[PDB]
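Rule-based calculations on the coordinates, nothing more; no lab input. Here the Cβ positions follow ideal geometry from the backbone for every residue, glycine too, while neighbour counts run over all protein chains shown.
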Amino acid sequence: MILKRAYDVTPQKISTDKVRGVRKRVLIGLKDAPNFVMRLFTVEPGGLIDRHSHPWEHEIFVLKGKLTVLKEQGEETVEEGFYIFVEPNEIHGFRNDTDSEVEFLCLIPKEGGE
Amino acid sequence: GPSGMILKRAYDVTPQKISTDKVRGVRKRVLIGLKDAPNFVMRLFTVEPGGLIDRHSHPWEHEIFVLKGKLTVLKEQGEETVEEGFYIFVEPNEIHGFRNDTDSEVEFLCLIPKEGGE
Ligand SMILES: [Fe+3]
Ligand SMILES: [Fe+3]
């Protein structure tokens with residue numbers, strides 16, 4: 001059994017053509033997980049995960065702040081305490097329009113890698 | 001399967017009492033359940049003050065994230081208390097349980113493969 005403070009997992013900075021101002025922690029990865037993986041994303045102020053889709057679902061829980069969720073069309077802001085279920089293949093992305101860090105848990109099936 | 005995305009305040013799900021031989025003082029909200037999940041389910045557990053999930057095991061893993069309070073985790077050998085912001089991975093067949101030794105509600109997310117139900 002593994003019991004650990006998520007913050008103590010070293011975050012990975014992501015900065016690409018589609019993702020900016022985002023850090024990813026892999027809490028429960030491929031090494032441990034038989035079926036699905038647990039990540040914690042931190043979105044800096046003005047950070048963005050542009051619209052994309054995958055063959056797998058997402059299960060998300062918003063831990064901190066106000067998260068702007070990009071949808072196939074339009075967007076929706078949610079707060080800490082919301083969960084999000086993204087169906088396979090659904091276009092989605094995220095933005096932080098606030099002045100403080102936003103955090104959310106994101107779990108995917110293992111085929112999605114970590 | 002279906003398309004779209006569900007976005008919902010977890011507290012708009014009513015916390016239902018769990019009452020079994022091995023559980024007392026616990027409520028559960030099914031967030032992403034069997035009716036919708038392709039692979040694994042998401043539940044939010046509330047352990048009332050003095051609540052207890054006795055040591056047990058099952059043939060699937062747990063992935064847990066502590067949302068509120070101080071959760072006492074029971075292990076095959078001894079116990080350990082963790083707090084909001086901790087994650088827990090329980091291997092398949094690993095003995096585990098939980099207790100709330102504090103005066104206030106403890107909350108944690110718990111995800112299992114959907115073959116274990118919701
Ligand atoms: Fe995605
Ligand atoms: Fe269990």
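Listing for the model above:
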quantity	calculated
Cross-link pairs beyond the 30 Å C-alpha cut-off, checked among A:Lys31/B:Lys17; A:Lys13/B:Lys75; A:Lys110/B:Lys17; A:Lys13/A:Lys64; A:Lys66/B:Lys70	A:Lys31/B:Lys17; A:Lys13/B:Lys75; A:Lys110/B:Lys17
Other protein chain Cβ atoms within 10 Å, averaged over every residue that makes up A:9-22	0
Hits among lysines - C-alpha to C-alpha of B:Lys35 under 18 Å, sequence gap 8 or more where chains match	B:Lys8, B:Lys114
Principal axis dimensions, largest first and in whole angstrom, of chain A by Cα	40, 29, 29
Inter-centroid distance (Cα atoms) of the range B:13-41 relative to the range A:23-101, Å	23 Å
